[PDB]
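Take a look at the structure below.
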Amino acid sequence: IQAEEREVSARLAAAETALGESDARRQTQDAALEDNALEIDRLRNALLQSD
Amino acid sequence: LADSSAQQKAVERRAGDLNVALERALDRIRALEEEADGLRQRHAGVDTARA
Numbered sequence: 010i011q012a013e014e015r016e017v018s019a020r021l022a023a024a025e026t027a028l029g030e031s032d033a034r035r036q037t038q039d040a041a042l043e044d045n046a047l048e049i050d051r052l053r054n055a056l057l058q059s060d
Numbered sequence: 013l014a015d016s017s018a019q020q021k022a023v024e025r026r027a028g029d030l031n032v033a034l035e036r037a038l039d040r041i042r043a044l045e046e047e048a049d050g051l052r053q054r055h056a057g058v059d060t061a062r063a
């Protein structure tokens, strides 16, 4: 049972690393996607005026 | 002279009448250009909000 506990804690450690990495990457691309939304709004407006 | 003054008065009258007609037709052209302008901007706005 000690060995099995070791294995389960190892799986838990790997999962906790991947979760943190996913959350960080998610935050970066989330900010980027919000900025992308704003920029596309700007380009649509410039298309408004020039058209 | 009677004949010639008759023609003078007649063509003067017809010239005044078509002067009024040109004035009103030019005003109508200005109105239609403004209306077509309004169609242009509002159509652009609607076709873009629909995009």
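Line by line, the protein sequences give chains A and B.
When you read off a place in the first sequence, starting at 1, and then add 9, the result is the number in my numbering.
When you read off a place in the second sequence, starting at 1, and then add 12, the result is the number in my numbering.
Note that beta-carbon positions come from the ideal geometry of N, C-alpha and C, so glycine has one too.
Residues that residue i contacts on chain A, provided the C-beta gap is smaller than 9 Å
i            : result
residue 56/B : 57, 60
Beta-carbon proximity check, residue i vs residue j, cutoff 8 Å
i            : j            : result
residue 43/B : residue 57/A : no
residue 60/B : residue 53/A : yes
From the options, residue whose alpha carbon lies closest to that of residue i
i            : options                : result
residue 53/B : 30/A, 29/A, 23/A, 59/A : 59/A
Within chain B, partners of residue i - CB distance below 8 Å
i            : result
residue 53/A : 60, 63
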